Amino acid sequence: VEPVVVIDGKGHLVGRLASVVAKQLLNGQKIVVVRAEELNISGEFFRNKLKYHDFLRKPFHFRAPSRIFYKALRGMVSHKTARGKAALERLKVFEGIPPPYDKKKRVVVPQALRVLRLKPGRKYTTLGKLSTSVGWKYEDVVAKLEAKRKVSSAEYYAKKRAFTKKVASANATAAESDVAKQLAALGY
Amino acid sequence: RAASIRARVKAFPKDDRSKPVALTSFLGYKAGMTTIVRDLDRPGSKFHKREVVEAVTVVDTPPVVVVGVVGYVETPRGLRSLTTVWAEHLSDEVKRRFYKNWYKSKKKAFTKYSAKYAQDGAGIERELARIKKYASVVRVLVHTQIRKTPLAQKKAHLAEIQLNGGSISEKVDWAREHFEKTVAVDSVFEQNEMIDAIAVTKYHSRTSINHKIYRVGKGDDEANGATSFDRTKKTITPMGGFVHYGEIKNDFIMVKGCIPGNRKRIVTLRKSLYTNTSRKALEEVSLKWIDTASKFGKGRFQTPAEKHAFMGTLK
RNA sequence: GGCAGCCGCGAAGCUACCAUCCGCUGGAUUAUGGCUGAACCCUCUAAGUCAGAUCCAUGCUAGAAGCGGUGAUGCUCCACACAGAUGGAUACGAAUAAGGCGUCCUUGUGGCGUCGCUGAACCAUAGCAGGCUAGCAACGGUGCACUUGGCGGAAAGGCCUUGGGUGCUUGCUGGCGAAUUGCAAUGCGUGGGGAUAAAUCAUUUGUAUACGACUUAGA
RNA sequence: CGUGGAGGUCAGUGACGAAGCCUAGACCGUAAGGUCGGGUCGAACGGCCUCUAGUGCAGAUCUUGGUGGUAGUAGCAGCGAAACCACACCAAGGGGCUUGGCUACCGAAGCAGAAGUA
RNA sequence: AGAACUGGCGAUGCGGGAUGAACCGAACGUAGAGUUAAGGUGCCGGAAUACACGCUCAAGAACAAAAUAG
RNA sequence: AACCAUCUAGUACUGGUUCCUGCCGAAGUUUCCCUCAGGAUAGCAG
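Residue numbers (this note's numbering), protein chains in the order written: chain A, 3 to 190; chain B, 66 to 380.
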């Protein structure tokens with residue numbers, strides 16, 4: 003339905019998000035993933051640092067959270083095939099929200115959120131912490147310039163809220179009229 | 066194998082917000098080795114005040130001039146060169162570095178950029194303001210004045226030096242003022258300062274740290290090779306010149322040990338990348354006598370003034 | 001004192017522990033040492049939490065037969081030629097045992113009302129694949145080219161926006177034509193010349209050398 | 001189904017082109033194969049009922065003849081082979097199909113002092 | 001060790017079981033529509049990130065076994 | 001100590017055994033000639 007979909011990785015499970023993205027873009031849907039560093043994995047820090055060195059001690063290994071997510075997505079797609087290679091060309095993963103994706107709406111997957119999937123009172127791991135612990139050196143800059151992203155975007159939202167205030171006032175003053183009642187009668 | 070005749074600085078020391086804008090590294094050409102004797106003033110040593118004898122390398126360090134400044138944005142995928150800016154002029158040997166067939170080529174070096182600098186500066190000032198507001202890590206672009214060093218190379222080696230000062234606005238202001246200026250060797254290093262050396266061996270590149278500068282050579286004054294004790298009117302250059310090297314007629318640096326690379330090879334110096342706390346670094350290297358005997362062959366004399374003393378007189 | 005000969009001394013060289021210079025500093029953790037504190041008074045453990053070596057960072061070597069910036073000119077004539085838009089990817093942040101929106105003062109982790117229980121939402125959506133054209137109501141909405149100011153460095157290259165120009169306006173009232181397709185077949189550079197910015201070879205250079213390669217310079 | 005030859009029949013086909021060969025052409029049949037479209041070719045061959053057999057090949061470390069990698073290599077600017085030839089880097093499951101990748105710090109110990117983790 | 005009584009395969013495709021001769025279904029003319037078996041329904045892979053009750057923080061998806069409800 | 005031409009295409013287990021299609025289609029055993037050698041008998045399929 004959407005020519006390009008931007009998915010906010012924060013608060014989502016790596017496995018569920020990877021599976022849903024693989025299924026979606028295997029059907030030709032273009033998907034973009036942002037804020038991968040904020041992606042979460044179930045379980046406390048231990049047993050999440052583990053199971054990574056286990057396969058590491060075997061090739062080339064990538065420490066960036068985006069590369070980890072791609073590897074998770076890569077194994078869920080029939081790579082080495084033209085369809086698999088073509089499907090993987092419709093995927094983009096970045097840390098934070100670099101432009102121009104910062105100026106566009108970002109969606110989430112209800113069936114992949116940690117809150118809706120993980121039972122309360124259970125420890126969970128975050129991709130950023132694991133990446134830093136396994137040698138990632140860009141967490142500091144990622145956080146620093148993500149905080150700046152919220153800066154002045156709060157101001158943009160405030161301006162939008164102010165504009166919508168005037169829009170609502172204009173609607174209300176024109177409301178209750180004959181045309182307004184006619185529209186409300188037809189569910190609009 | 067090394068990437069080129071020159072080596073690349075892989076790291077720089079941590080920036081200092083309070084210190085003024087200053088350079089962090091210098092480069093020069095190997096000028097062989099020489100013998101020196103000094104009083105071992107190291108405390109708690111069985112050879113305290115003894116005349117320890119050891120070898121010290123000599124590196125020719127011609128004046129280095131600033132030719133540009135470069136800022137880098139701290140992107141999530143490493144540092145990216147935001148914008149490079151040269152300053153109104155490129156030297157003949159600087160231009161030569163950009164040509165493999167300089168003699169055959171039309172020598173069409175910076176022409177519109179030089180003409181661009183002749184404008185009201187708005188573009189250059191716009192880029193300076195950009196750097197001021199934008200990326201707060203800056204590296205200076207410099208070259209070696211090989212036209213002064215007596216070498217057949219005749220080609221200037223371009224190099225980048227990172228500024229260690231704070232208030233990158235001050236950095237760009239210093240660059241705006243010190244453009245196309247000449248920086249003396251003594252302005253970057255001083256005696257007793259610990260530095261590291263990086264070069265290319267006779268062909269891999271390697272780095273050695275914790276090397277003390279025994280003497281900083283101001284090649285403008287005579288008797289640069291004489292210590293406070295010897296204080297003779299002798300230059301570090303022995304009789305007849307140097308082995309496979311032309312002559313020393315400019316600023317030079319003397320470093321403990323032997324920097325990698327044969328004679329005439331270009332080397333770079335850096336301030337150890339950190340504040341070493343060892344007492345060896347802190348102690349000052351008082352100098353007693355520096356060998357100046359002809360290295361070519363077996364010299365029985367130091368300078369021609371005393372050479373005739375052994376023979377008395379000659380035909 | 002010839003040369004296919006010997007002797008005393010011998011630079012230059014490959015080279016030596018056979019000599020010389022140098023050869024790391026910040027964090028999370030096993031066990032362990034402790035605080036707060038339940039199951040069940042206590043307790044280092046259940047939720048939190050300080051110190052602490054295996055690991056990660058610093059430095060070092062190379063750089064994907066990956067990426068950024070910078071300088072130089074492609075300029076001209078002749079002859080030929082060509083993985084799936086078709087409504088809008090509609091932008092705060094944070095939690096999920098709490099959140100927004102409006103109001104005001106008690107300006108604070110404030111009181112009240114209001115909303116979720118999905119996007120089943122908002123824009124726009126009428127005119128021959130969207131024409132011609134006569135009026136009414138406002139001084140709005142908006143396509144295109146101009147102009148002013150700021151803003152976006154994470155892959156900014158995009159965001160608005162002061163001012164005027166020219167079209168539409170379906171906001172409202174009417175006229176002109178649709179036919180016959182006949183009952184559906186979805187309905188963009190070369191290959192030859194004119195000048196020239198630059199590379200490789202010739203020469204040389206040696207700080208390089210099994211052959212490639214690398215390192216210099218002469219209009 | 002197909003071939004060498006023979007009896008019979010097509011008052012058969014054919015220099016206005018028989019056989020063979022080629023053909024990113026087509027038709028017929030479940031197939032052995034037959035037929036037609038186009039190019040070289042030149043003089044014999046075929047539709048059908050029977051008889052006849054030295055009658056149909058993918059190999060037999062098969063015979064004759066011909067040609068490749070090895071190899072412009074070993075070797076003796078030039079000359080120039082031989083052996084061999086089903087086919088071509090690794091992890092696990094399974095002989096070379098499945099899934100993928102180049103001595104320090106702590107605790108006990110009449111341990112006065114001296115002097116378990118890795 | 002020695003046998004032996006009936007049976008699966010000898011010459012056996014096809015679907016599932018990561019692959020397999022001792023497993024399960026099922027044994028065979030050429031195709032269409034439809035319904036199933038074992039086997040599965042997060043992706044590779046076609047199908048419910050179905051519904052309902054509890055269990056487990058660590059794997060979990062015959063041998064080192066003996067020490068949350070009643 | 002050999003070589004040449006015939007008897008000799010000898011003395012039996014290694015290897016090979018050539019076109020298509022359809023139908024039917026077992027066995028690895030009884031037990032008698034006791035047995036290594038195999039014949040005749042018995043079963044399956046015509």
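Backbone N, C-alpha and C fix where the C-beta goes; we use that ideal spot for every residue, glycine too.
Of all the residues that make up the segment 127-145 of chain B, which are near chain A by a beta-carbon distance shorter than 9 Å? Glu139, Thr140, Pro141, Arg142 and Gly143
To the nearest angstrom, how far is it from the Cα of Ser156 of chain B to the Cα of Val203 of chain B? 23 Å
Counting only beta-carbon separations shorter than 8 Å, does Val143 of chain A have a partner in chain B? yes
Cβ shell of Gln227 of chain B (< 6 Å), same chain only, five flanking positions each side left out: Around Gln227 of chain B: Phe77, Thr89 and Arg204.
Classify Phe57 of chain A as buried or exposed, calling it buried when 16 or more other Cβ atoms lie within 10 Å of its own Cβ. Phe57 of chain A is exposed by the Cβ-count criterion.
Any idea which residues DSSP pairs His276 of chain B with across the strands? The partner list for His276 of chain B (beta bridge, DSSP) reads B:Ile260.
Contacts around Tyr279 of chain B, its chain only, beta-carbon distance under 6 Å, and the 5 residues preceding and following it disregarded: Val121, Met319, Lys321 and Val350
Buried versus exposed, by CB contacts within 10 Å (16 or more), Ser359 of chain B: Classified as buried, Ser359 of chain B has 16 or more neighbouring CB atoms from the shown chains inside 10 Å of its CB.
Drop a sphere of 10 angstroms on the beta-carbon of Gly137 of chain A, count the other beta-carbons inside from all chains shown, and report buried for 16 or more, exposed for fewer. Counting every other CB atom within 10 Å of its CB across the protein chains shown gives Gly137 of chain A a total below 16, marking it as exposed.
For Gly362 of chain B, which of B:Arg145, B:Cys323, B:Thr333 and B:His309 has the nearest alpha-carbon? B:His309
Is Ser133 of chain A closer than 8 Å to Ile70 of chain A when the C-beta atoms are compared? yes
What are the partner residues of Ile318 of chain B, as DSSP defines its beta bridges? B:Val124 and B:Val281
When you compare only the Cα positions, how much space is there between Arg108 of chain A and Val153 of chain A? Approximately 17 Å between the Cα atoms of the pair.
At a Cβ threshold of 8 Å, is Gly130 of chain A touching chain B? no
Going by the CB atoms, is the gap between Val16 of chain A and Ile43 of chain A shorter than 8 Å? In this structure, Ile43 of chain A lies near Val16 of chain A, with their beta-carbon atoms less than 8 Å apart.
Could you tell me the distance, in whole angstroms, from the CA atom of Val35 of chain A to the CA atom of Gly45 of chain A? 23 Å
So is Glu97 of chain A in contact with chain B if we call contact Cβ pairs under 8 Å? The beta carbon of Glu97 of chain A falls within 8 Å of a beta carbon belonging to chain B, placing the residue at that interface.
Which residue marks the beginning of the alpha helix (DSSP H) containing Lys25 of chain A, and which one marks its end? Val16 to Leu28
How many Å lie between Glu235 of chain B and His154 of chain B at the Cα? 23 Å
Classify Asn289 of chain B as helix, strand or coil using the three-state DSSP reduction. coil
Can you list, in chain order, the residues of its chain with a C-beta nearer than 6 Å to that of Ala346 of chain B? Leave out the 5 residues immediately preceding and following it. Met259
For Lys125 of chain A and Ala170 of chain A, what's the separation of their Cα atoms in angstroms? 44 Å
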